[PDB]
């Protein structure tokens with residue numbers, strides 16, 4: 001919804017995200033999938049520099065991604081690591097929602 005929340009929901013400081021612990025918290029409520037971007041915050045904020053009105057943007061560079069995808073057991077996930085571009089909603093020069101991997 002905003003840049004503080006986007007960092008908490010979609011940026012990770014570790015590539016090997018502990019999906020079963022983090023996606024069990026209220027922020028994620030055992031949802032089926034959540035993609036995290038392995039980077040310190042500023043290079044991710046920079047994707048949106050200059051973009052004021054809300055607009056979805058496909059990154060121009062590929063980033064390390066860590067995806068938590070639910071298994072057949074609720075709230076237990078398999079982590080998949082990949083490198084790809086992704087689409088975010090940029091608003092007032094910061095990412096505020098994660099749209100999807102690979103395309104807008």
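What follows draws every value from the coordinates through simple rules; no lab data is involved. Cβ placement follows ideal geometry from the backbone for every residue including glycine, while neighbour counts extend to all protein chains displayed.
Taking every eigenvalue of the Cα gyration tensor of the chain, multiplying by 5 and rooting it, what semi-axes result, largest first, whole Å?
24, 14, 12
I need to check one value: relative contact order of region 17-100, counting alpha carbon pairs closer than 8 Å and at least 6 residues apart, in percent.
Normalised by residue count, the contact order of region 17-100 is 34 percent.
Taking a virtual spin label 7 Å from the Cα of residue 9 along the C-beta vector, which residues in region 69-86 bring their backbone nitrogen under 18 Å of it?
Within reach of a label on residue 9: 69-70, 86.
How far apart, in nm, are the 7 Å Cα→Cβ label points at residue 82 and residue 59?
Each label point lies 7 Å from its Cα, and together they span 1.3 nm.
What does the helix-only formula give at 222 nm for the chain: each DSSP H stretch with n ≥ 4 adding -39500 (n - 2.57), the total divided by the residues, and the result rounded to the nearest 500 deg cm²/dmol?
-3500 deg cm²/dmol, from helical runs alone.
Kindly work out what percent of the DSSP beta bridges joining two residues of the chain are antiparallel, to the nearest 5.
90
How far is the Cα center of region 63-100 from the Cα center of region 1-49, in Å?
Answer, in whole Å: 7.
In which sequence would 77, 38, 64 go, from the one with the fewest C-beta neighbours within 10 Å to the one with the most? Display every interim value, and only then the final one.
Details: 77 23, 38 18, 64 14.
Ascending Cβ contact count within 10 Å gives the list 64, 38, 77.
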